[PDB]
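Colleague: I'd like to ask you about the structure that follows.
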Amino acid sequence: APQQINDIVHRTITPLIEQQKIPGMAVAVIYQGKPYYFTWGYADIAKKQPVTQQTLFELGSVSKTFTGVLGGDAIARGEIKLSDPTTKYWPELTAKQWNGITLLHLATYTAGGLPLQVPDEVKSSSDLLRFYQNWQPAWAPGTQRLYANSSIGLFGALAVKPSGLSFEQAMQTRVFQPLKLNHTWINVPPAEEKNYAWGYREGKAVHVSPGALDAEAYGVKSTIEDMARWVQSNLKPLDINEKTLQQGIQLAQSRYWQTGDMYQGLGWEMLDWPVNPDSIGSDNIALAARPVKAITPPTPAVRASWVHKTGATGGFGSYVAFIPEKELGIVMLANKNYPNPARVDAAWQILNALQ
Ligand SMILES: *C(=O)[C@@H](NC(=O)/C(=N\OC(C)(C)C(=O)O)c1csc(N)n1)[C@@H]1N=C(C(=O)O)C(=C)CS1
């Protein structure tokens, strides 16, 4: 645990925790490929349980990176193609607006304005079909990016259909297990509840509630140890033994679309490194519709990139960022949803300092 790392981490995180009034937090810094952990505060204020390297946090939208990689793996296995129309894996979507909408559009939020959230009233599989059949796109496919859980969420569900596995089974078997993410869950088992931190919203302890396409869009819970391991896997996919998974991780980091200085991958988002934090630039804007330029054909993962993803649930705030070229990365998990810009600022300050 190099004093340089200790020092920048503490000098950056302490002020952050105090300004944002965050109950508990865990940070991991990947340096020259090795992880270093830090923890503060409480996982459960009422029961005075401290945050540890085994505390599980709700990852929120950071879960989409797992989804993008599982999708990438399915492509590598020849089970699906990003150029395939959505209807190929859901024949019941007969509504004409779906014609030129492909799995690529779904995965990158470019289908034409799919909504940010699947409505609460959508429960059953039947309800989901009705929702997508009735949705009227605001734009032609491939012209604008509008971040949406209902978009990559459908991608995840369809991507695992030829496999015959449930999304959760495919994820556990093809991603979690092979990477030894043995304390990463879509559904927390009773035996692990002891380590599940509570999120805090306006002072109340809360956990994410069930929702349609939740697993695919924002339902993963994980530890700071497994997330550091997830970052390492994405920093150096070449060390991964499972071939389709290695390929899948690389596909998730390809640049499919460009908007401003940002590039859209599968789950992950990227910017060329070096980059100043002002450029990242990625926050909320309850919704920002942005025109996109197609990258034809997509650029393979660029090593000199700042690769990242933010995430939140009602009671948790998370962030992951890494730079392949420098074998550097960071994971910040907190049980309070706080401003995205404060996350990016903290991470940048730490990584820029270390390399
Ligand atoms: C990923 O983290 C996504 N978050 C959600 O879907 C949820 N909340 O997002 C916001 C918009 C911040 C909210 O408070 O409503 C959510 C899931 S389960 C639950 N209780 N809440 C997307 N993330 C962001 C972000 O920048 O945090 C978005 C702007 C779009 S939704």
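Convention: chains lettered A, B, ... in structure tokens order; per-chain residue numbering from 1; ligands numbered from 1 as shown.
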Let me have all residues with an atom within 9 Å of ligand 1, counting only C-alpha atoms and all ligand atoms, laid out as a VMD selection string.

Modeller: chain A and resid 59 to 64 116 to 117 147 to 149 206 to 211 214 217 to 219 282 to 288 309 to 318 337 to 340

Colleague: Mind listing the strand (DSSP E) residues of range 128-212 of chain A, per DSSP on the backbone, as an MDAnalysis selection string?

Modeller: chainID A and resid 144:145 199:201 204:206

Colleague: Atoms to include: C-alpha atoms. Write the selected residues as a PDB file, in the first residue's frame.

Modeller:
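Contents of selection.pdb, as written:
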ATOM      1  CA  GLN A 144     -29.889  10.121 -31.543  1.00  0.00           C
ATOM      2  CA  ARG A 145     -28.705   8.711 -28.227  1.00  0.00           C
ATOM      3  CA  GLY A 199     -28.720   2.558   0.994  1.00  0.00           C
ATOM      4  CA  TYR A 200     -29.751   5.877   2.501  1.00  0.00           C
ATOM      5  CA  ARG A 201     -32.194   8.375   0.988  1.00  0.00           C
ATOM      6  CA  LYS A 204     -34.059   6.385   5.436  1.00  0.00           C
ATOM      7  CA  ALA A 205     -32.556   2.943   4.879  1.00  0.00           C
ATOM      8  CA  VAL A 206     -33.718   1.541   1.528  1.00  0.00           C
TER       9      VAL A 206
END

Colleague: Quick one: pull the distance between CA of residue 55 in chain A and CA of residue 157 in chain A, Å, one decimal.

Modeller: 28.2 Å

Colleague: Could you give me, as a VMD selection string, the residues within 9 Å of residue 16 in chain A, counting only C-alpha atoms and dropping anything in the same chain fewer than 6 positions from it?

Modeller: chain A and resid 22 342 to 343 346

Colleague: Residue 168 in chain A: which residues within 10 Å, counting only C-alpha atoms, same-chain residues fewer than 2 positions away excluded, as a JSON list (two decimals) with C-alpha atoms, in the first residue's frame?

Modeller:
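Output file part_22.json follows:
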[["chain", "number", "residue", "atom", "x", "y", "z"],
["A", 157, "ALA", "CA", -32.98, -10.02, -22.33],
["A", 160, "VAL", "CA", -29.34, -14.48, -23.88],
["A", 165, "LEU", "CA", -30.48, -19.70, -20.18],
["A", 166, "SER", "CA", -32.18, -17.09, -18.03],
["A", 170, "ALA", "CA", -26.16, -16.76, -18.28],
["A", 171, "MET", "CA", -24.57, -13.95, -16.28],
["A", 172, "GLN", "CA", -23.52, -16.21, -13.39],
["A", 173, "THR", "CA", -22.18, -18.95, -15.66],
["A", 174, "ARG", "CA", -20.54, -16.89, -18.41],
["A", 185, "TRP", "CA", -25.20, -11.06, -7.27],
["A", 186, "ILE", "CA", -28.34, -10.11, -9.20],
["A", 187, "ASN", "CA", -30.32, -11.55, -6.21],
["A", 215, "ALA", "CA", -31.31, -7.34, -13.60],
["A", 216, "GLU", "CA", -30.21, -6.14, -17.04]]

Colleague: Going by DSSP on the backbone, which bits of range 39-103 of chain A are alpha helix (DSSP H)? Write them as a ChimeraX atom specification, please.

Modeller: /A:63-76,103

Colleague: Using N, CA, C and O atoms, can you export the residues from the last selection as a short mmCIF file (atom, residue, chain, number, x, y, z; two decimals), in the first residue's frame?

Modeller:
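Printed below is part.cif as written:
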data_model
loop_
_atom_site.label_atom_id
_atom_site.label_comp_id
_atom_site.auth_asym_id
_atom_site.auth_seq_id
_atom_site.Cartn_x
_atom_site.Cartn_y
_atom_site.Cartn_z
N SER A 63 -24.25 -1.72 -13.51
CA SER A 63 -24.61 -3.09 -13.88
C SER A 63 -24.61 -3.28 -15.41
O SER A 63 -24.34 -4.38 -15.90
N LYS A 64 -24.91 -2.21 -16.15
CA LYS A 64 -24.94 -2.27 -17.62
C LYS A 64 -23.62 -2.71 -18.23
O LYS A 64 -23.60 -3.22 -19.35
N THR A 65 -22.51 -2.47 -17.52
CA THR A 65 -21.21 -2.92 -18.03
C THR A 65 -21.20 -4.45 -18.03
O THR A 65 -20.66 -5.06 -18.95
N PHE A 66 -21.79 -5.07 -17.01
CA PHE A 66 -21.85 -6.53 -17.01
C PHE A 66 -22.72 -6.99 -18.17
O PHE A 66 -22.39 -7.94 -18.87
N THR A 67 -23.82 -6.28 -18.38
CA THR A 67 -24.74 -6.62 -19.46
C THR A 67 -24.07 -6.47 -20.82
O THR A 67 -24.24 -7.31 -21.68
N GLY A 68 -23.33 -5.38 -21.02
CA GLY A 68 -22.67 -5.18 -22.30
C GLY A 68 -21.70 -6.32 -22.56
O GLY A 68 -21.65 -6.86 -23.66
N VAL A 69 -20.93 -6.69 -21.55
CA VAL A 69 -19.95 -7.78 -21.66
C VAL A 69 -20.62 -9.15 -21.87
O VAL A 69 -20.12 -9.99 -22.63
N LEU A 70 -21.76 -9.39 -21.23
CA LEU A 70 -22.44 -10.67 -21.43
C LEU A 70 -22.93 -10.68 -22.90
O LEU A 70 -22.89 -11.71 -23.57
N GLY A 71 -23.39 -9.52 -23.38
CA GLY A 71 -23.85 -9.43 -24.75
C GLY A 71 -22.66 -9.67 -25.68
O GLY A 71 -22.77 -10.39 -26.67
N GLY A 72 -21.52 -9.06 -25.35
CA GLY A 72 -20.33 -9.20 -26.17
C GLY A 72 -19.92 -10.65 -26.28
O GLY A 72 -19.50 -11.11 -27.32
N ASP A 73 -20.06 -11.37 -25.17
CA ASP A 73 -19.74 -12.78 -25.09
C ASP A 73 -20.66 -13.59 -26.01
O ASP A 73 -20.19 -14.50 -26.67
N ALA A 74 -21.96 -13.25 -26.02
CA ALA A 74 -22.96 -13.93 -26.87
C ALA A 74 -22.63 -13.75 -28.36
O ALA A 74 -22.84 -14.66 -29.16
N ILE A 75 -22.13 -12.57 -28.72
CA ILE A 75 -21.71 -12.27 -30.09
C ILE A 75 -20.50 -13.18 -30.41
O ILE A 75 -20.46 -13.88 -31.42
N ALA A 76 -19.51 -13.15 -29.53
CA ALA A 76 -18.31 -13.98 -29.72
C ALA A 76 -18.65 -15.47 -29.88
O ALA A 76 -17.97 -16.19 -30.60
N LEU A 103 -30.16 -4.93 -32.62
CA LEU A 103 -29.65 -5.14 -31.26
C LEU A 103 -28.62 -4.07 -30.96
O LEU A 103 -28.48 -3.65 -29.82
#

Colleague: Which residues, written as a ChimeraX atom specification, have at least one atom at most 12 Å from residue 280 in chain A, with only C-alpha atoms counted and residues fewer than 3 positions away on the same chain left out?

Modeller: /A:260-263,269-277,283-284,306-310,321,340-348

Colleague: Keeping only C-alpha atoms, take the residues you just selected and write them out as a PDB file, in the first residue's frame.

Modeller:
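Just written: part-v4.pdb:
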ATOM      1  CA  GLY A 260     -19.089  15.348 -28.445  1.00  0.00           C
ATOM      2  CA  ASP A 261     -15.931  13.880 -26.928  1.00  0.00           C
ATOM      3  CA  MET A 262     -17.641  10.736 -25.712  1.00  0.00           C
ATOM      4  CA  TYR A 263     -17.859   7.348 -27.393  1.00  0.00           C
ATOM      5  CA  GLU A 269     -18.596   4.801 -22.280  1.00  0.00           C
ATOM      6  CA  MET A 270     -15.191   6.148 -23.335  1.00  0.00           C
ATOM      7  CA  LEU A 271     -13.201   9.309 -23.995  1.00  0.00           C
ATOM      8  CA  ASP A 272      -9.702   9.647 -25.425  1.00  0.00           C
ATOM      9  CA  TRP A 273      -7.013   9.933 -22.759  1.00  0.00           C
ATOM     10  CA  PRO A 274      -5.753  12.443 -21.790  1.00  0.00           C
ATOM     11  CA  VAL A 275      -8.984  14.271 -20.863  1.00  0.00           C
ATOM     12  CA  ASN A 276      -9.775  17.019 -18.369  1.00  0.00           C
ATOM     13  CA  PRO A 277     -12.636  16.297 -15.908  1.00  0.00           C
ATOM     14  CA  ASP A 283     -24.101  13.775 -15.379  1.00  0.00           C
ATOM     15  CA  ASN A 284     -27.709  14.879 -14.827  1.00  0.00           C
ATOM     16  CA  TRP A 306     -10.697   6.894 -19.965  1.00  0.00           C
ATOM     17  CA  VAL A 307     -13.318   4.133 -19.762  1.00  0.00           C
ATOM     18  CA  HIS A 308     -16.084   4.597 -17.253  1.00  0.00           C
ATOM     19  CA  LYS A 309     -19.667   4.210 -16.005  1.00  0.00           C
ATOM     20  CA  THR A 310     -21.728   5.950 -13.295  1.00  0.00           C
ATOM     21  CA  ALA A 321     -13.163   4.410 -14.312  1.00  0.00           C
ATOM     22  CA  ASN A 340     -22.163  12.428 -10.456  1.00  0.00           C
ATOM     23  CA  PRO A 341     -19.776  15.368 -11.013  1.00  0.00           C
ATOM     24  CA  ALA A 342     -18.367  14.948  -7.498  1.00  0.00           C
ATOM     25  CA  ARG A 343     -17.658  11.275  -8.349  1.00  0.00           C
ATOM     26  CA  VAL A 344     -15.864  12.064 -11.605  1.00  0.00           C
ATOM     27  CA  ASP A 345     -13.892  14.892  -9.973  1.00  0.00           C
ATOM     28  CA  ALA A 346     -12.683  12.646  -7.165  1.00  0.00           C
ATOM     29  CA  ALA A 347     -11.731   9.777  -9.495  1.00  0.00           C
ATOM     30  CA  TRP A 348      -9.891  12.061 -11.924  1.00  0.00           C
TER      31      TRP A 348
END

Colleague: Quick one: residues within 7 Å of residue 122 in chain A, only C-alpha atoms counted, chain neighbours fewer than 5 positions away excluded, as a ChimeraX atom specification?

Modeller: /A:127-128,212

Colleague: Which residue is closest to residue 38 in chain A? Choose from A:54, A:223, A:6, A:184 and count only C-alpha atoms.

Modeller: A:6

Colleague: Applying 7 Å and only C-alpha atoms, which residues near residue 26 in chain A remain after dropping the ones on its own chain fewer than 3 positions away? List them as a PDB file with N, CA and C atoms, in the first residue's frame.

Modeller:
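Listing of part-v9.pdb after writing:
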ATOM      1  N   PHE A  38      -9.800   0.646   0.415  1.00  0.00           N
ATOM      2  CA  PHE A  38     -10.024   1.632   1.445  1.00  0.00           C
ATOM      3  C   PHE A  38     -11.492   1.570   1.846  1.00  0.00           C
ATOM      4  N   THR A  39     -11.789   1.756   3.124  1.00  0.00           N
ATOM      5  CA  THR A  39     -13.188   1.773   3.522  1.00  0.00           C
ATOM      6  C   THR A  39     -13.416   2.777   4.627  1.00  0.00           C
ATOM      7  N   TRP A  40     -14.635   3.320   4.668  1.00  0.00           N
ATOM      8  CA  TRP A  40     -15.026   4.330   5.645  1.00  0.00           C
ATOM      9  C   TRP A  40     -16.473   4.144   6.060  1.00  0.00           C
ATOM     10  N   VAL A  51     -18.420  -0.548   6.983  1.00  0.00           N
ATOM     11  CA  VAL A  51     -18.213  -0.964   5.609  1.00  0.00           C
ATOM     12  C   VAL A  51     -16.888  -1.727   5.627  1.00  0.00           C
ATOM     13  N   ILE A 224     -16.340  -4.455  -2.935  1.00  0.00           N
ATOM     14  CA  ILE A 224     -15.289  -3.635  -3.500  1.00  0.00           C
ATOM     15  C   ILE A 224     -14.212  -4.600  -4.057  1.00  0.00           C
ATOM     16  N   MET A 332     -15.490   3.334  -6.835  1.00  0.00           N
ATOM     17  CA  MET A 332     -16.001   4.102  -5.699  1.00  0.00           C
ATOM     18  C   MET A 332     -17.457   3.625  -5.467  1.00  0.00           C
ATOM     19  N   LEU A 333     -17.732   3.056  -4.298  1.00  0.00           N
ATOM     20  CA  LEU A 333     -19.078   2.545  -3.982  1.00  0.00           C
ATOM     21  C   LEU A 333     -19.547   3.218  -2.705  1.00  0.00           C
ATOM     22  N   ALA A 334     -20.730   3.812  -2.751  1.00  0.00           N
ATOM     23  CA  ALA A 334     -21.247   4.535  -1.594  1.00  0.00           C
ATOM     24  C   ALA A 334     -22.730   4.213  -1.395  1.00  0.00           C
TER      25      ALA A 334
END

Colleague: For CA of residue 299 in chain A and CA of residue 100 in chain A, quote the distance in Å rounded to one decimal.

Modeller: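 Answer for the CA of residue 299 in chain A to CA of residue 100 in chain A separation: 22.5 Å.
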
Colleague: Quick one: distance from CA of residue 96 in chain A to CA of residue 258 in chain A in Å, one decimal?

Modeller: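 Separating CA of residue 96 in chain A from CA of residue 258 in chain A is a distance of 27.5 Å.
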
Colleague: Go through A:245, A:158, A:107, A:350 one by one, measure the shortest atom-to-atom distance of each to residue 177 in chain A using only C-alpha atoms, and give the residue with the smallest value.

Modeller: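 The answer is A:245, which sits nearest to residue 177 in chain A.
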
Colleague: Looking at A:331, A:197, A:235, A:5, which one is nearest to residue 46 in chain A, with distances taken over only C-alpha atoms?

Modeller: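 The closest residue to residue 46 in chain A is A:197.
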